[PDB]
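Structure record follows, encoded as structure tokens.
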2 protein chains.
Amino acid sequence: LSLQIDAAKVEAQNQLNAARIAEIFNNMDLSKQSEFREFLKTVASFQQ
Amino acid sequence: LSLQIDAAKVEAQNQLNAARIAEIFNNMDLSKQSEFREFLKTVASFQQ
């Protein structure tokens, strides 16, 4: 009972970690570069 | 039982901390610089 329960929720946490962690690195870095293209967008409006 | 349960939820909280903390630093700083590009946007409307 506790064996397959705990192993099951262990793998559940495993998809939780792959999911959340990937969301972290991706969303953080890519949103940072979105702020980058946005800075360059405002500079583009300046050149306009 | 309590061993793999508590270790399991410890790593669960670990992804919770990486997730939420990264959300903090990123969203705060990047949204701050969004207020920056927004100030410069209003100044751009002034120059217009």
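Chain identifiers are assigned as A, B, and so on, following the order in which chains appear in the structure tokens; residues are numbered from 1 within each chain, and ligands are numbered from 1 in order of appearance.
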Which residues come within 12 Å of residue 17 of chain B, counting only C-alpha atoms, excluding same-chain residues fewer than 6 positions away, as a CSV table (one decimal) with N, CA and C atoms, in the first residue's frame?
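selection-v5.csv, written as the output of this step:
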chain,number,residue,atom,x,y,z
A,17,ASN,N,8.5,18.5,-10.8
A,17,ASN,CA,9.8,19.1,-10.8
A,17,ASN,C,10.2,19.5,-12.3
A,20,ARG,N,7.6,22.4,-13.3
A,20,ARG,CA,7.9,23.7,-12.7
A,20,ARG,C,9.3,24.2,-13.1
A,21,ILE,N,10.3,23.4,-13.0
A,21,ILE,CA,11.7,23.8,-13.2
A,21,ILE,C,11.8,24.3,-14.7
A,24,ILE,N,10.4,27.6,-15.0
A,24,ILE,CA,11.3,28.5,-14.4
A,24,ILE,C,12.3,29.0,-15.4
B,10,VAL,N,9.6,17.4,0.6
B,10,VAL,CA,10.7,18.3,0.7
B,10,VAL,C,11.2,18.7,-0.7
B,11,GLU,N,11.4,17.7,-1.6
B,11,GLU,CA,11.8,18.1,-2.9
B,11,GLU,C,10.6,18.9,-3.6
B,23,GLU,N,10.1,33.6,-9.9
B,23,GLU,CA,9.0,34.4,-10.3
B,23,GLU,C,9.1,35.8,-9.6
B,24,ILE,N,9.5,35.8,-8.3
B,24,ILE,CA,9.7,37.0,-7.6
B,24,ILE,C,10.8,37.9,-8.3
B,25,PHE,N,12.0,37.4,-8.3
B,25,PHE,CA,13.1,38.3,-8.8
B,25,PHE,C,12.8,38.8,-10.2
**Study point:** Interface residues on chain A facing chain B, 9 Å, only C-alpha atoms, written as a list in words
**Key:** residues 2, 3, 6, 7, 9, 10, 13, 14, 16, 17, 18, 20, 21, 23, 24, 25, 27, 28, 29, 31, 32, 35, 38, 39, 42, 45 and 46 of chain A
